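Two forms, one chain: they're shown below as structure tokens, one block per form, named structure 1 and structure 2.
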Structure 1
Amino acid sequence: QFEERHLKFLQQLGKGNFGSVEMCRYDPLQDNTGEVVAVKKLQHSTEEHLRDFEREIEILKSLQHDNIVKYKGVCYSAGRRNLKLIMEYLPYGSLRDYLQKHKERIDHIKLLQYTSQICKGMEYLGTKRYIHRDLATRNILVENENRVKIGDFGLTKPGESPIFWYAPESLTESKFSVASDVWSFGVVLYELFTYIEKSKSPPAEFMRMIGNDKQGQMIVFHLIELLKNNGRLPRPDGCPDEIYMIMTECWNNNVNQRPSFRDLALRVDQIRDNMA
């Protein structure tokens, strides 16, 4: 399906300790044309890393939805002793970067369109019995101004910490579930309505609440205590009360009282209609 001979480098994208992503062109006709694809390869093919990568490939093979990253195939390099994953290329990259770079193209109607699409992708993942764990705007990708897709870059395996998206029972008991994905979705909705403004990100806000001085595990201890006793990210400037209410309801310490993704999609779509 994808012969290393015809996979031509175009551009270096992300890199981390676990994997790296490149833009490539697949040119089987050798005519300097072909489809542009995004290619992931492993930095170090240990037994565990290759097992993880193979599981990533099997997960992606099973997922087909308009708001989930689109799998294309695999390609073997180094005389078939290395493995690379081929995906559909999305020009605008992460939603976190798109929001910072293209504020001129974004208003509240647009934010709610993206919110709806994220909810629908999460509904789909639940039907596959898949728990995402890593929902955050850094892991949502932008195809164009009208279409976002959930992914999970996973190139590395306080400002950089994923803990600021995690539900309290994930922090205290390592319990990840659909309901903790709903908690993290609430943080995504917060991120959207901050426009990724500097100083207002979840890590920056939580660190201001706990004390910017704190380091190491002390951050975790204070974050758990804060969340367990109703400490929450504040309402973003300009964000409607009804949208903050959705965030608040996702951030319920009572796991079973969080809304479902089907509930959230219906609510967001009904609101979107009314502002449109």
Structure 2
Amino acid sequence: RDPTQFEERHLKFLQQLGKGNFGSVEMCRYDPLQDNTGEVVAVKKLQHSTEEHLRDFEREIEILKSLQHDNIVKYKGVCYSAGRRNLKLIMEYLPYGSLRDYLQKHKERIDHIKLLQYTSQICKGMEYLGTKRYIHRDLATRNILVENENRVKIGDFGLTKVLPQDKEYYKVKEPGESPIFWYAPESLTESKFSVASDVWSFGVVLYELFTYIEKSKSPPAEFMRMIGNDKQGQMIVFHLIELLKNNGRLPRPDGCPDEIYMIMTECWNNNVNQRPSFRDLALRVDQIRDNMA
């Protein structure tokens, strides 16, 4: 029998874990003996399993399956439905949930040493991803999962794209729901996504971590304040682009160490080529951890 081949009939629903963009994730027990002793897994499925969505979902599955790293959620297998060929992605279940909820829950009880451990781990997952020429496009604390107190993993790849052989960016022609408050200026203006725009988003993740997910301090709350809460729909994007062009930025989180703040601000460079590399960020973060320890 194939362990990566899961029969949907044996999957028992336990609880809902999240909904992002097109897919929904559920906690399920794979219980073929039907006695509640089987493994608990996370199961991602599509809410609207159209032709086009299914095609994109299958590419996402191949992306995750190709990744093997301590800080990337583990692929376990796939479910296939008879007939129209609906797909479910089976992944390891990480019991402490999303980093966003985890931090929002425990707040400052998670100290700076711990936050920088998570930062380094996120950096390393992204650096590895980049070696495969994948662009995440959706790096945010809501897409990072907590395995235990000492380890986080990048947990969703629903927007992930593979770079063309000959280009260092991927251009999205018809944008869907976009996390614009995590987007680099060139992603907003030209829909260009690259390792460097992932670095920009990583700076926003660093901001998220050091604000402890204080709601009034979220990137959407802060950017909306800066452009004016009166701005709506497409005008938000127009004014955000103008703000960023004029070096409008998220503020330093209260109590943030200057060395960490410096990293955020370097990630948020309008000049794409001047943003740091994930290889260098991992080294820099680990050095800061070493100095603190």
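Every residue number counts along structure 1's sequence, beginning with 1. By rigid core we mean the largest C-alpha set that fits within 1.5 Å across both forms.
Only one candidate in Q100, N82, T172, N146 has its Cα displaced by 2 Å or more between structures 1 and 2 after core superposition: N82. Relative to the superposed core, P234 shifts its CA atom by less than 2 Å between structures 1 and 2. Once both forms are fitted on their core, the CA shift for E48 between structures 1 and 2 remains under 2 Å. After superposition on the rigid core, the Cα of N17 moves by 2 Å or more between structures 1 and 2. Relative to the superposed core, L29 moves its CA by 4.0 Å between structures 1 and 2. Taking the rigid core as reference, the CA displacement of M218 between structures 1 and 2 comes to 0.9 Å.
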